[PDB]
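Asker: Pasting a structure here, questions to come.
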Amino acid sequence: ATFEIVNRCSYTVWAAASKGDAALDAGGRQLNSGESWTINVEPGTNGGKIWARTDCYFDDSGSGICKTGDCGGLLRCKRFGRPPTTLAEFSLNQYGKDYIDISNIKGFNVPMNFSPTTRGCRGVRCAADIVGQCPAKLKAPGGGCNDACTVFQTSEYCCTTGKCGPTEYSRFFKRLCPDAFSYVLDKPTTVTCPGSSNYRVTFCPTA
(Lines give C-alpha, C1' and ligand atoms only; values in the text may rest on other atoms or scores of the structure.)
Protein backbone atom coordinates (compact mmCIF):
# COMPACT_ATOMS: atom_id res chain seq x y z
CA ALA A 1 0.00 0.00 0.00
CA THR A 2 1.15 3.52 -0.68
CA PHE A 3 1.00 6.32 1.84
CA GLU A 4 1.76 9.77 0.51
CA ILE A 5 2.93 11.86 3.49
CA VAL A 6 2.57 15.58 2.89
CA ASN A 7 3.84 18.39 5.08
CA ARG A 8 1.58 21.42 4.67
CA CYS A 9 2.96 22.97 7.87
CA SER A 10 5.00 26.14 7.63
CA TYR A 11 7.77 24.37 9.58
CA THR A 12 9.85 21.34 8.75
CA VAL A 13 8.78 18.01 10.21
CA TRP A 14 10.53 14.65 10.19
CA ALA A 15 7.94 12.07 9.25
CA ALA A 16 8.14 8.64 10.91
CA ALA A 17 6.52 5.31 10.11
CA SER A 18 6.82 2.16 12.23
CA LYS A 19 4.88 -0.86 13.43
CA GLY A 20 6.65 -0.82 16.79
CA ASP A 21 9.17 -3.59 16.27
CA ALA A 22 10.27 -2.46 12.80
CA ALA A 23 10.38 0.49 10.43
CA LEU A 24 7.78 0.80 7.66
CA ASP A 25 9.67 1.62 4.42
CA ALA A 26 12.72 3.75 5.41
CA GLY A 27 11.13 4.55 8.77
CA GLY A 28 11.62 8.30 8.61
CA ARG A 29 12.57 11.26 6.46
CA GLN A 30 12.77 15.03 6.59
CA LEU A 31 9.87 16.95 5.00
CA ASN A 32 10.37 20.64 4.55
CA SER A 33 7.26 22.81 4.28
CA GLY A 34 5.33 21.66 1.20
CA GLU A 35 7.26 18.43 0.59
CA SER A 36 5.66 15.06 -0.10
CA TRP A 37 7.24 11.65 0.59
CA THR A 38 5.54 8.47 -0.56
CA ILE A 39 6.17 5.26 1.29
CA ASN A 40 5.23 1.66 0.68
CA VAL A 41 3.73 -0.35 3.50
CA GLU A 42 3.52 -4.11 3.19
CA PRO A 43 0.03 -5.59 2.93
CA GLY A 44 -1.07 -7.16 6.19
CA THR A 45 0.76 -4.62 8.37
CA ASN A 46 -0.96 -4.61 11.74
CA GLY A 47 -0.58 -1.80 14.24
CA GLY A 48 1.29 0.58 11.96
CA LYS A 49 1.64 4.27 12.84
CA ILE A 50 2.77 7.40 11.07
CA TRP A 51 3.57 10.62 12.94
CA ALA A 52 5.45 13.87 12.66
CA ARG A 53 8.53 14.79 14.70
CA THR A 54 9.48 18.40 15.34
CA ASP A 55 12.70 20.25 16.10
CA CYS A 56 15.09 17.48 15.13
CA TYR A 57 18.86 17.43 14.74
CA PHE A 58 20.63 14.49 13.08
CA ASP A 59 24.30 13.87 12.29
CA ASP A 60 25.68 12.27 9.10
CA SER A 61 24.93 8.80 10.48
CA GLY A 62 21.27 9.65 11.06
CA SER A 63 21.51 9.87 14.85
CA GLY A 64 20.32 12.73 16.97
CA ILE A 65 17.24 13.97 18.77
CA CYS A 66 13.80 15.50 18.19
CA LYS A 67 11.73 17.44 20.67
CA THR A 68 8.54 15.58 19.89
CA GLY A 69 8.19 12.07 18.60
CA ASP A 70 11.84 11.05 18.88
CA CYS A 71 12.28 7.33 18.15
CA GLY A 72 15.46 6.35 20.02
CA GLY A 73 17.36 9.20 18.39
CA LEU A 74 17.13 7.76 14.87
CA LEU A 75 16.25 9.58 11.67
CA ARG A 76 14.97 6.26 10.31
CA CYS A 77 12.55 5.06 12.96
CA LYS A 78 12.35 1.40 13.88
CA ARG A 79 10.25 1.98 17.01
CA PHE A 80 7.40 4.23 18.11
CA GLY A 81 8.04 7.84 19.05
CA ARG A 82 8.23 9.66 22.31
CA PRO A 83 5.00 11.51 23.26
CA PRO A 84 3.53 13.95 22.54
CA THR A 85 2.67 12.58 19.10
CA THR A 86 -0.53 12.90 17.09
CA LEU A 87 -0.90 9.40 15.58
CA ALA A 88 -2.18 8.14 12.24
CA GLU A 89 -2.90 4.45 13.01
CA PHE A 90 -3.70 1.61 10.68
CA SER A 91 -4.00 -2.15 10.29
CA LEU A 92 -4.14 -3.37 6.69
CA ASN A 93 -5.68 -6.49 5.17
CA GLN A 94 -7.31 -7.67 8.38
CA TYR A 95 -9.81 -10.26 7.17
CA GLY A 96 -10.17 -8.42 3.92
CA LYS A 97 -10.46 -4.84 5.18
CA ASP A 98 -8.25 -1.96 6.28
CA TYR A 99 -8.82 -0.01 9.52
CA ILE A 100 -7.67 3.56 10.10
CA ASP A 101 -7.91 6.15 12.85
CA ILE A 102 -6.25 9.14 14.41
CA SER A 103 -5.32 8.99 18.09
CA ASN A 104 -4.47 11.58 20.74
CA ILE A 105 -3.89 8.83 23.40
CA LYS A 106 -0.16 9.61 23.22
CA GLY A 107 -0.74 13.35 23.06
CA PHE A 108 -0.70 15.84 20.22
CA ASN A 109 2.13 17.65 18.50
CA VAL A 110 1.11 18.43 14.91
CA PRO A 111 -2.37 18.59 13.33
CA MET A 112 -3.15 15.92 10.74
CA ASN A 113 -5.56 14.57 8.20
CA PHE A 114 -5.45 10.82 7.38
CA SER A 115 -7.51 9.99 4.30
CA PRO A 116 -7.79 7.24 1.69
CA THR A 117 -6.70 8.21 -1.84
CA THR A 118 -8.80 5.32 -3.25
CA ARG A 119 -12.55 4.75 -2.98
CA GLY A 120 -14.77 3.19 -0.40
CA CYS A 121 -14.43 5.09 2.88
CA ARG A 122 -13.81 8.51 4.33
CA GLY A 123 -10.86 10.15 6.03
CA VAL A 124 -10.36 11.24 9.62
CA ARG A 125 -8.87 14.52 10.84
CA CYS A 126 -7.64 16.25 13.98
CA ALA A 127 -6.62 19.71 12.91
CA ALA A 128 -7.66 21.95 15.77
CA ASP A 129 -5.05 24.00 17.67
CA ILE A 130 -4.60 21.53 20.50
CA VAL A 131 -1.14 22.82 21.37
CA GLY A 132 -2.31 26.41 21.65
CA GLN A 133 -5.35 25.43 23.73
CA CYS A 134 -3.57 22.76 25.79
CA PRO A 135 -4.45 22.70 29.52
CA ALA A 136 -1.54 24.08 31.57
CA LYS A 137 -0.81 20.80 33.32
CA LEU A 138 -0.52 18.92 30.01
CA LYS A 139 1.79 21.36 28.24
CA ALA A 140 5.04 19.59 27.36
CA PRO A 141 8.01 21.90 28.08
CA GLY A 142 9.77 20.29 25.14
CA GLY A 143 6.82 21.18 22.89
CA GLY A 144 3.29 19.80 22.25
CA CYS A 145 0.36 18.76 24.47
CA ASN A 146 0.88 15.60 26.52
CA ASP A 147 -1.80 13.04 27.20
CA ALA A 148 -2.67 12.59 30.91
CA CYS A 149 -1.21 9.07 31.11
CA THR A 150 2.23 10.40 30.12
CA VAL A 151 1.99 13.16 32.68
CA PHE A 152 0.43 11.45 35.69
CA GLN A 153 0.96 7.69 35.28
CA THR A 154 -2.28 6.55 36.88
CA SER A 155 -4.33 3.45 36.19
CA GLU A 156 -7.26 5.71 35.31
CA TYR A 157 -5.46 7.72 32.63
CA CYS A 158 -3.41 4.83 31.31
CA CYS A 159 -6.41 2.43 31.40
CA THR A 160 -4.08 -0.14 32.89
CA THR A 161 -6.82 -2.35 34.27
CA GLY A 162 -9.08 -1.75 31.31
CA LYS A 163 -12.09 -0.23 33.11
CA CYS A 164 -11.18 3.46 32.84
CA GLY A 165 -13.62 6.18 31.91
CA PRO A 166 -13.33 9.60 30.23
CA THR A 167 -11.56 12.28 32.27
CA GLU A 168 -11.34 16.04 32.31
CA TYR A 169 -8.13 15.71 30.28
CA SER A 170 -9.47 13.21 27.73
CA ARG A 171 -12.54 15.42 27.26
CA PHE A 172 -10.30 18.32 26.26
CA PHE A 173 -8.77 16.27 23.41
CA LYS A 174 -12.22 14.99 22.47
CA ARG A 175 -13.76 18.45 22.42
CA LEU A 176 -11.04 19.80 20.15
CA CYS A 177 -10.96 16.63 18.00
CA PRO A 178 -14.14 14.57 18.12
CA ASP A 179 -12.87 12.27 15.40
CA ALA A 180 -9.76 11.06 17.20
CA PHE A 181 -9.34 8.65 20.12
CA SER A 182 -9.00 10.66 23.36
CA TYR A 183 -8.41 7.78 25.79
CA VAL A 184 -7.99 3.99 25.53
CA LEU A 185 -11.65 3.09 25.89
CA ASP A 186 -13.05 5.99 23.91
CA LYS A 187 -16.04 5.20 21.67
CA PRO A 188 -14.19 4.14 18.50
CA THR A 189 -13.65 6.54 15.61
CA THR A 190 -11.98 3.85 13.47
CA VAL A 191 -12.93 3.85 9.80
CA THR A 192 -13.26 0.63 7.80
CA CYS A 193 -11.79 0.87 4.30
CA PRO A 194 -11.54 -1.72 1.52
CA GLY A 195 -8.58 -4.03 1.97
CA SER A 196 -5.50 -2.71 0.14
CA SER A 197 -6.64 0.91 0.01
CA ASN A 198 -3.99 3.63 -0.42
CA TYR A 199 -3.71 6.76 1.71
CA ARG A 200 -2.43 10.24 2.27
CA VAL A 201 -1.35 11.66 5.65
CA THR A 202 -1.26 15.46 5.58
CA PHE A 203 0.36 17.44 8.40
CA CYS A 204 -1.28 20.86 9.03
CA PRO A 205 -4.16 20.19 6.61
CA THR A 206 -5.99 23.43 7.42
CA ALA A 207 -4.20 25.67 9.93
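Scheme for the C-alpha coordinates: letters A, B, ... for chains in order shown; per-chain residue numbers from 1; ligand numbers from 1 in order shown.
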For segment 38-64 of chain A versus segment 127-145 of chain A, which residues have an atom no more than 12 Å away, and what is each residue's nearest atom pair and distance in Å rounded to one decimal, using only C-alpha atoms, chain-then-number order, as a Markdown table?
Answerer:
```
| residue | atom | partner | partner_atom | distance |
| --- | --- | --- | --- | --- |
| A:52 | CA | A:144 | CA | 11.5 |
| A:53 | CA | A:144 | CA | 10.5 |
| A:54 | CA | A:143 | CA | 8.5 |
| A:55 | CA | A:143 | CA | 9.0 |
| A:56 | CA | A:142 | CA | 11.7 |
```
Asker: Please return, as a tab-separated table (two decimals) with N, CA, C and O atoms, in the first residue's frame, all residues of segment 21-203 of chain A that DSSP assigns to helix (DSSP H, G or I) on the basis of the backbone.
Answerer:
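The new file states.tsv reads:
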```tsv
chain	number	residue	atom	x	y	z
A	130	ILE	N	-4.72	22.15	19.20
A	130	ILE	CA	-4.60	21.53	20.50
A	130	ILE	C	-3.39	22.05	21.28
A	130	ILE	O	-3.46	22.20	22.50
A	131	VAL	N	-2.26	22.31	20.61
A	131	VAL	CA	-1.14	22.82	21.37
A	131	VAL	C	-1.45	24.20	21.94
A	131	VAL	O	-1.19	24.47	23.10
A	132	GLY	N	-2.02	25.08	21.13
A	132	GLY	CA	-2.31	26.41	21.65
A	132	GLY	C	-3.33	26.41	22.78
A	132	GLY	O	-3.27	27.23	23.69
A	133	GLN	N	-4.29	25.49	22.73
A	133	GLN	CA	-5.35	25.43	23.73
A	133	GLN	C	-5.07	24.47	24.87
A	133	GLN	O	-5.88	24.35	25.79
A	136	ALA	N	-2.86	23.81	31.00
A	136	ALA	CA	-1.54	24.08	31.57
A	136	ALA	C	-0.80	22.85	32.05
A	136	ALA	O	0.37	22.71	31.78
A	137	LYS	N	-1.48	21.97	32.77
A	137	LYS	CA	-0.81	20.80	33.32
A	137	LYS	C	-0.35	19.78	32.28
A	137	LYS	O	0.49	18.93	32.58
A	138	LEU	N	-0.90	19.86	31.08
A	138	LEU	CA	-0.52	18.92	30.01
A	138	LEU	C	0.52	19.49	29.06
A	138	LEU	O	1.03	18.77	28.21
A	148	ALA	N	-2.69	12.68	29.45
A	148	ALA	CA	-2.67	12.59	30.91
A	148	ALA	C	-1.95	11.36	31.43
A	148	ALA	O	-1.43	11.36	32.55
A	149	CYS	N	-1.94	10.26	30.67
A	149	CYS	CA	-1.21	9.07	31.11
A	149	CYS	C	0.29	9.38	31.21
A	149	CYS	O	0.94	9.13	32.22
A	150	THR	N	0.83	9.98	30.16
A	150	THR	CA	2.23	10.40	30.12
A	150	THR	C	2.57	11.29	31.31
A	150	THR	O	3.62	11.13	31.95
A	151	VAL	N	1.69	12.22	31.62
A	151	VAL	CA	1.99	13.16	32.68
A	151	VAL	C	1.84	12.61	34.09
A	151	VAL	O	2.70	12.82	34.95
A	152	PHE	N	0.75	11.87	34.33
A	152	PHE	CA	0.43	11.45	35.69
A	152	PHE	C	0.61	9.99	36.03
A	152	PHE	O	0.63	9.65	37.21
A	155	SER	N	-3.56	4.51	36.82
A	155	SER	CA	-4.33	3.45	36.19
A	155	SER	C	-5.50	4.05	35.43
A	155	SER	O	-5.88	3.56	34.37
A	156	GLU	N	-6.09	5.12	35.97
A	156	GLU	CA	-7.26	5.71	35.31
A	156	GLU	C	-6.91	6.34	33.97
A	156	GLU	O	-7.65	6.17	33.01
A	157	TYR	N	-5.82	7.10	33.90
A	157	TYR	CA	-5.46	7.72	32.63
A	157	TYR	C	-4.85	6.75	31.63
A	157	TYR	O	-5.02	6.89	30.42
A	158	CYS	N	-4.10	5.78	32.15
A	158	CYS	CA	-3.41	4.83	31.31
A	158	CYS	C	-4.27	3.62	30.97
A	158	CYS	O	-3.91	2.83	30.09
A	168	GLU	N	-11.36	14.66	32.72
A	168	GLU	CA	-11.34	16.04	32.31
A	168	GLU	C	-10.31	16.24	31.19
A	168	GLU	O	-10.56	16.98	30.23
A	169	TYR	N	-9.16	15.59	31.30
A	169	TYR	CA	-8.13	15.71	30.28
A	169	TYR	C	-8.53	15.05	28.97
A	169	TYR	O	-8.36	15.67	27.91
A	170	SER	N	-9.09	13.84	29.00
A	170	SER	CA	-9.47	13.21	27.73
A	170	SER	C	-10.55	14.04	27.05
A	170	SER	O	-10.54	14.17	25.82
A	171	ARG	N	-11.46	14.62	27.84
A	171	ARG	CA	-12.54	15.42	27.26
A	171	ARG	C	-12.01	16.65	26.54
A	171	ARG	O	-12.65	17.11	25.59
A	172	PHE	N	-10.89	17.20	26.98
A	172	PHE	CA	-10.30	18.32	26.26
A	172	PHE	C	-9.90	17.86	24.85
A	172	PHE	O	-10.24	18.52	23.86
A	173	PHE	N	-9.18	16.75	24.74
A	173	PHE	CA	-8.77	16.27	23.41
A	173	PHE	C	-10.01	15.95	22.57
A	173	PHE	O	-10.04	16.22	21.38
A	174	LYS	N	-11.02	15.37	23.20
A	174	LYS	CA	-12.22	14.99	22.47
A	174	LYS	C	-13.03	16.18	21.99
A	174	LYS	O	-13.65	16.14	20.92
A	175	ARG	N	-13.05	17.24	22.79
A	175	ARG	CA	-13.76	18.45	22.42
A	175	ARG	C	-13.09	19.10	21.21
A	175	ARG	O	-13.74	19.49	20.25
A	176	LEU	N	-11.77	19.21	21.26
A	176	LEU	CA	-11.04	19.80	20.15
A	176	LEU	C	-11.05	18.91	18.91
A	176	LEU	O	-11.07	19.43	17.79
```
Asker: Considering only C-alpha atoms, state which residue in the set A:43, A:178, A:48, A:72 is at the smallest distance from residue 22 of chain A.
Answerer: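 Checking each candidate against residue 22 of chain A, we get A:48 as the closest.
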Asker: One decimal, in Å: what's the spacing between atom CA of residue 186 of chain A and atom CA of residue 164 of chain A?
Answerer: 9.5 Å
Asker: Any idea what's packed within 10 Å of residue 179 of chain A, counting only C-alpha atoms, ignoring anything in its chain fewer than 4 positions away? Could you give it as number ranges by chain?
Answerer: A: 101-104, 123-126, 173-175, 187-190
Asker: Using only C-alpha atoms, which protein or nucleic acid residues come within 7 Å of segment 3-16 of chain A? Drop anything in the same chain fewer than 5 positions from it, and give the result as a PDB file with N, CA, C and O atoms, in the first residue's frame.
Answerer:
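New file out-v4.pdb:
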```pdb
ATOM      1  N   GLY A  27      11.334   4.221   7.364  1.00  0.00           N
ATOM      2  CA  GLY A  27      11.128   4.546   8.766  1.00  0.00           C
ATOM      3  C   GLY A  27      11.040   6.014   9.092  1.00  0.00           C
ATOM      4  O   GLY A  27      10.395   6.379  10.068  1.00  0.00           O
ATOM      5  N   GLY A  28      11.701   6.878   8.329  1.00  0.00           N
ATOM      6  CA  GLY A  28      11.615   8.298   8.615  1.00  0.00           C
ATOM      7  C   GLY A  28      12.318   9.102   7.554  1.00  0.00           C
ATOM      8  O   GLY A  28      13.200   8.581   6.856  1.00  0.00           O
ATOM      9  N   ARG A  29      11.967  10.371   7.451  1.00  0.00           N
ATOM     10  CA  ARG A  29      12.565  11.265   6.465  1.00  0.00           C
ATOM     11  C   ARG A  29      12.179  12.693   6.787  1.00  0.00           C
ATOM     12  O   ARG A  29      11.101  12.962   7.305  1.00  0.00           O
ATOM     13  N   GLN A  30      13.045  13.622   6.438  1.00  0.00           N
ATOM     14  CA  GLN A  30      12.765  15.030   6.593  1.00  0.00           C
ATOM     15  C   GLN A  30      11.773  15.492   5.508  1.00  0.00           C
ATOM     16  O   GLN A  30      11.897  15.105   4.325  1.00  0.00           O
ATOM     17  N   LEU A  31      10.814  16.316   5.918  1.00  0.00           N
ATOM     18  CA  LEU A  31       9.867  16.945   4.999  1.00  0.00           C
ATOM     19  C   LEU A  31       9.843  18.426   5.273  1.00  0.00           C
ATOM     20  O   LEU A  31       9.280  18.888   6.288  1.00  0.00           O
ATOM     21  N   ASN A  32      10.455  19.202   4.394  1.00  0.00           N
ATOM     22  CA  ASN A  32      10.366  20.642   4.548  1.00  0.00           C
ATOM     23  C   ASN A  32       8.932  21.057   4.211  1.00  0.00           C
ATOM     24  O   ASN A  32       8.149  20.258   3.685  1.00  0.00           O
ATOM     25  N   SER A  33       8.590  22.293   4.541  1.00  0.00           N
ATOM     26  CA  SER A  33       7.258  22.808   4.275  1.00  0.00           C
ATOM     27  C   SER A  33       6.915  22.646   2.794  1.00  0.00           C
ATOM     28  O   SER A  33       7.622  23.161   1.911  1.00  0.00           O
ATOM     29  N   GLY A  34       5.829  21.923   2.542  1.00  0.00           N
ATOM     30  CA  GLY A  34       5.333  21.663   1.205  1.00  0.00           C
ATOM     31  C   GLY A  34       5.759  20.349   0.585  1.00  0.00           C
ATOM     32  O   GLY A  34       5.186  19.943  -0.440  1.00  0.00           O
ATOM     33  N   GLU A  35       6.763  19.677   1.168  1.00  0.00           N
ATOM     34  CA  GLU A  35       7.258  18.429   0.592  1.00  0.00           C
ATOM     35  C   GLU A  35       6.345  17.236   0.810  1.00  0.00           C
ATOM     36  O   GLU A  35       5.606  17.167   1.812  1.00  0.00           O
ATOM     37  N   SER A  36       6.428  16.287  -0.116  1.00  0.00           N
ATOM     38  CA  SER A  36       5.658  15.060  -0.101  1.00  0.00           C
ATOM     39  C   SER A  36       6.632  13.893  -0.215  1.00  0.00           C
ATOM     40  O   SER A  36       7.577  13.941  -1.036  1.00  0.00           O
ATOM     41  N   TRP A  37       6.406  12.846   0.571  1.00  0.00           N
ATOM     42  CA  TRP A  37       7.237  11.650   0.588  1.00  0.00           C
ATOM     43  C   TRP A  37       6.285  10.479   0.546  1.00  0.00           C
ATOM     44  O   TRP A  37       5.407  10.361   1.410  1.00  0.00           O
ATOM     45  N   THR A  38       6.416   9.619  -0.443  1.00  0.00           N
ATOM     46  CA  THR A  38       5.543   8.474  -0.561  1.00  0.00           C
ATOM     47  C   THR A  38       6.236   7.207  -0.111  1.00  0.00           C
ATOM     48  O   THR A  38       7.338   6.888  -0.579  1.00  0.00           O
ATOM     49  N   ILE A  39       5.610   6.501   0.814  1.00  0.00           N
ATOM     50  CA  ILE A  39       6.172   5.256   1.288  1.00  0.00           C
ATOM     51  C   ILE A  39       5.299   4.084   0.904  1.00  0.00           C
ATOM     52  O   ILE A  39       4.128   4.225   0.578  1.00  0.00           O
ATOM     53  N   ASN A  40       5.915   2.911   0.935  1.00  0.00           N
ATOM     54  CA  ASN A  40       5.228   1.664   0.676  1.00  0.00           C
ATOM     55  C   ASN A  40       5.178   0.860   1.960  1.00  0.00           C
ATOM     56  O   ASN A  40       6.196   0.679   2.634  1.00  0.00           O
ATOM     57  N   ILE A  50       1.999   6.348  11.719  1.00  0.00           N
ATOM     58  CA  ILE A  50       2.768   7.403  11.071  1.00  0.00           C
ATOM     59  C   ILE A  50       2.580   8.641  11.951  1.00  0.00           C
ATOM     60  O   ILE A  50       1.466   8.903  12.464  1.00  0.00           O
ATOM     61  N   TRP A  51       3.652   9.399  12.143  1.00  0.00           N
ATOM     62  CA  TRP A  51       3.567  10.619  12.938  1.00  0.00           C
ATOM     63  C   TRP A  51       4.620  11.602  12.472  1.00  0.00           C
ATOM     64  O   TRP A  51       5.491  11.271  11.664  1.00  0.00           O
ATOM     65  N   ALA A  52       4.478  12.833  12.934  1.00  0.00           N
ATOM     66  CA  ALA A  52       5.455  13.872  12.662  1.00  0.00           C
ATOM     67  C   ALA A  52       6.339  14.051  13.880  1.00  0.00           C
ATOM     68  O   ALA A  52       5.887  13.872  15.026  1.00  0.00           O
ATOM     69  N   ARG A  53       7.590  14.441  13.641  1.00  0.00           N
ATOM     70  CA  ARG A  53       8.532  14.790  14.701  1.00  0.00           C
ATOM     71  C   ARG A  53       8.940  16.233  14.417  1.00  0.00           C
ATOM     72  O   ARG A  53       9.096  16.637  13.251  1.00  0.00           O
ATOM     73  N   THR A  54       9.100  17.014  15.480  1.00  0.00           N
ATOM     74  CA  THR A  54       9.477  18.403  15.336  1.00  0.00           C
ATOM     75  C   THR A  54      10.808  18.707  16.019  1.00  0.00           C
ATOM     76  O   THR A  54      11.243  18.009  16.939  1.00  0.00           O
ATOM     77  N   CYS A  77      13.181   5.757  11.855  1.00  0.00           N
ATOM     78  CA  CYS A  77      12.549   5.057  12.955  1.00  0.00           C
ATOM     79  C   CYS A  77      12.293   3.590  12.782  1.00  0.00           C
ATOM     80  O   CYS A  77      11.804   3.154  11.742  1.00  0.00           O
ATOM     81  N   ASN A 198      -5.194   2.800  -0.523  1.00  0.00           N
ATOM     82  CA  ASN A 198      -3.987   3.635  -0.418  1.00  0.00           C
ATOM     83  C   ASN A 198      -4.398   4.911   0.313  1.00  0.00           C
ATOM     84  O   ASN A 198      -5.590   5.224   0.365  1.00  0.00           O
ATOM     85  N   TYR A 199      -3.418   5.656   0.828  1.00  0.00           N
ATOM     86  CA  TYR A 199      -3.715   6.765   1.712  1.00  0.00           C
ATOM     87  C   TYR A 199      -2.803   7.949   1.553  1.00  0.00           C
ATOM     88  O   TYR A 199      -1.743   7.892   0.935  1.00  0.00           O
ATOM     89  N   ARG A 200      -3.218   9.038   2.188  1.00  0.00           N
ATOM     90  CA  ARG A 200      -2.425  10.243   2.267  1.00  0.00           C
ATOM     91  C   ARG A 200      -2.526  10.761   3.705  1.00  0.00           C
ATOM     92  O   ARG A 200      -3.636  10.862   4.253  1.00  0.00           O
ATOM     93  N   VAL A 201      -1.384  11.051   4.314  1.00  0.00           N
ATOM     94  CA  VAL A 201      -1.351  11.658   5.655  1.00  0.00           C
ATOM     95  C   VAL A 201      -0.839  13.074   5.420  1.00  0.00           C
ATOM     96  O   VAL A 201       0.269  13.252   4.862  1.00  0.00           O
ATOM     97  N   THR A 202      -1.637  14.074   5.780  1.00  0.00           N
ATOM     98  CA  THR A 202      -1.256  15.461   5.579  1.00  0.00           C
ATOM     99  C   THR A 202      -1.071  16.164   6.922  1.00  0.00           C
ATOM    100  O   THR A 202      -2.023  16.215   7.736  1.00  0.00           O
ATOM    101  N   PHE A 203       0.123  16.670   7.182  1.00  0.00           N
ATOM    102  CA  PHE A 203       0.360  17.441   8.399  1.00  0.00           C
ATOM    103  C   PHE A 203      -0.091  18.880   8.138  1.00  0.00           C
ATOM    104  O   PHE A 203       0.133  19.429   7.043  1.00  0.00           O
ATOM    105  N   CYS A 204      -0.724  19.484   9.144  1.00  0.00           N
ATOM    106  CA  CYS A 204      -1.277  20.859   9.031  1.00  0.00           C
ATOM    107  C   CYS A 204      -2.198  20.982   7.824  1.00  0.00           C
ATOM    108  O   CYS A 204      -1.997  21.839   6.960  1.00  0.00           O
ATOM    109  N   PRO A 205      -3.234  20.146   7.752  1.00  0.00           N
ATOM    110  CA  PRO A 205      -4.155  20.191   6.612  1.00  0.00           C
ATOM    111  C   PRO A 205      -4.909  21.485   6.390  1.00  0.00           C
ATOM    112  O   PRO A 205      -5.182  21.847   5.240  1.00  0.00           O
TER     113      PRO A 205
END
```
Asker: For residue 100 of chain A, which of A:192, A:118, A:197, A:206 is the closest residue, counting only C-alpha atoms?
Answerer: A:192
Asker: So how many Å separate atom CA of residue 181 of chain A and atom CA of residue 98 of chain A, to one decimal?
Answerer: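 Separating atom CA of residue 181 of chain A from atom CA of residue 98 of chain A is a distance of 17.5 Å.
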Asker: Figure out the distance between atom CA of residue 108 of chain A and atom CA of residue 85 of chain A, please, to one decimal in Å.
Answerer: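 Answer for the atom CA of residue 85 of chain A to atom CA of residue 108 of chain A separation: 4.8 Å.
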